[PDB]
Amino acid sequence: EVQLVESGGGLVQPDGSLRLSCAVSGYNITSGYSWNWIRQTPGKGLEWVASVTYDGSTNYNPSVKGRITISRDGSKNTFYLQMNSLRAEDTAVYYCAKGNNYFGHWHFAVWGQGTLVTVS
């Protein structure tokens, strides 16, 4: 089966830059499906951030577009999320999730444990 393990979260200063990684096991991210980042502010709602498909296509949430970018490393079977110009709005628990396609519309079938990013 597919298991997702996030890492790279911690305390960070505003205007800084942080990079989160999702280590996938059991399936190769270049083989198919979507690979997404979804963050949750503790005690509040959930928001989708960015996605990279098995072909390298990247899709971003416009509320974070321009400051954030999503990358992929096929050899290490890992995809990353580089954040720049951190804000208090960015403080959240960041999950990675595998997306299953249903006629051009994706749902998040498998979710990682999530890693916490906290700006001050």
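One rule holds for the numbers: they count along the sequence shown, beginning at 1.
In this entry, 7 to 15 shows the higher mean Cα temperature factor of the pair 105 to 113 and 7 to 15. For the two regions 41 to 49 and 56 to 64, the entry's Cα B-factors average higher over 41 to 49. For the set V93, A88, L81, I29, the PDB entry puts the maximum C-alpha B factor at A88. When all modelled residues of the chain are sorted by CA temperature factor, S75 is found within the highest third.
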